[PDB]
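Encoded as structure tokens, the structure appears first; notes follow it.
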Amino acid sequence: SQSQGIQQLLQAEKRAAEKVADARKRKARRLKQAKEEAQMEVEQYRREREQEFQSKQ
Amino acid sequence: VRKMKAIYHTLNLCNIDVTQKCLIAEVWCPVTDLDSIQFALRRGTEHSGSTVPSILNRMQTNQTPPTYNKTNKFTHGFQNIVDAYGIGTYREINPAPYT
């Protein structure tokens, strides 16, 4: 049954390979999300600064 | 050091796994030795910090083996003069006890 143990280990390695590639895919998704949120934050920062400007004015 | 080299030599005589940085090796050993080895394997793995279970799987298929004749300080000489003629067939009747 060694050949079966070896194939089951091969299957486990294949899953490990998938799990890491998937982690890299998420990494990429998270980076894009980070950029989108950043821009959302910039728009809100500008809003705050604009409100302060008008108050000061 | 000579022993170190011996070990590395033996370690070369293996197959390297792809799934895990593991090696699989085949040995031909009688059951008596296989039990002793399993115990030896526990001792070995225990010396290594990883204590890897190190599974040894018996093979039902039988491959034409070398001939192993246990000898001692007295009978070794007689086995050698037998071996000088040739190495007997596996599970052949050993002539040495009669020699």
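Eigenvalues of the Cα gyration tensor times 5, then square-rooted: what semi-axes does that give for the protein assembly as shown, in whole angstrom, largest first?
One finds semi-axes of 70, 17, 12 Å for the protein assembly as shown.
Using only alpha carbon positions, build the gyration tensor of chain A, then give the equivalent ellipsoid semi-axes as the square roots of 5 times its eigenvalues, largest first, whole angstrom.
On the way: eigenvalues 590, 8, 3 Å².
In descending order, the three semi-axes are 54, 6, 4 Å.
With a sphere of radius 12 Å drawn around the Cβ of residue B:53, what net charge do the other residues whose Cβ falls strictly inside it have (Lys, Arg +1; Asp, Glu -1)? Could the numbers behind the result be given before it?
Working: positive: B:42; negative: B:46.
Local net charge: 0.
Note down, for chain B, the three equivalent ellipsoid semi-axes (square root of 5 times each alpha carbon gyration tensor eigenvalue), biggest first, whole angstrom. Walk me through the numbers on the way to the answer.
Values: eigenvalues 215, 56, 43 Å².
Square roots of five times the eigenvalues give 33, 17, 15 Å.
If you take each beta carbon of peptide A:2-13 and count the beta carbons of other chains within 10 angstrom, what is the mean?
Values: counts 7, 1, 1, 3, 5, 1, 1, 5, 3, 1, 2, 4.
Mean partner-chain Cβ count within 10 Å for A:2-13: 3.
Just to confirm the filter: which chymotrypsin sites (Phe, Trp or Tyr not before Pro) across the range B:1-42 are DSSP coil and have at most 15 other Cβ within 10 angstrom of their Cβ? Show your work: numbers first, answer last.
On the way: sites: B:8, B:28, B:39; in loops: B:28.
Sparse-neighbourhood loop chymotrypsin sites (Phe, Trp or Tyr not before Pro): B:28.
Just want the ordering: B:52, B:1, from fewest to most Cβ atoms lying within 10 Å of their own Cβ.
Listing B:52, B:1 from fewest to most nearby Cβ atoms yields B:1, B:52.
With a cap of 13 neighbouring Cβ atoms within 10 Å, and only residues DSSP puts in a loop, list the GluC sites (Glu not before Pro) found in the range B:19-99.
Details: sites: B:26, B:46, B:92; in loops: B:26, B:92.
Of the GluC sites (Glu not before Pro), the ones in loops of the range B:19-99 whose Cβ has at most 13 other Cβ atoms within 10 Å are B:26, B:92.
Treat the range B:32-84 as a sphere of radius equal to its Kirkwood radius over Cα pairs and apply Stokes-Einstein at 37 °C in a medium of 0.692 mPa s; give the translational diffusion coefficient in µm²/s, rounded to a whole number. Please report the intermediate quantities before stating the final value.
Details: Rh = 14.4 Å.
My calculation gives 228 µm²/s for D.
Among B:61, B:51, B:75, which one shows the highest mean-square fluctuation when chain B is modelled as a Gaussian network with alpha-carbon springs under 10 Å?
Evaluated over chain B, the most mobile residue of the options is B:61.
Charges on Cβ only, +1 for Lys and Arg, -1 for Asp and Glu, centred on the Cα centroid of the range B:12-99; of B:31, B:67, B:50, which one is farthest towards the dipole's positive end?
So the residue furthest toward the plus end is B:50.
No lab work stands behind these numbers, since they all come straight from the coordinates. Here Cβ is always computed from backbone atoms with ideal geometry, including for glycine, and neighbour counts include all displayed protein chains.
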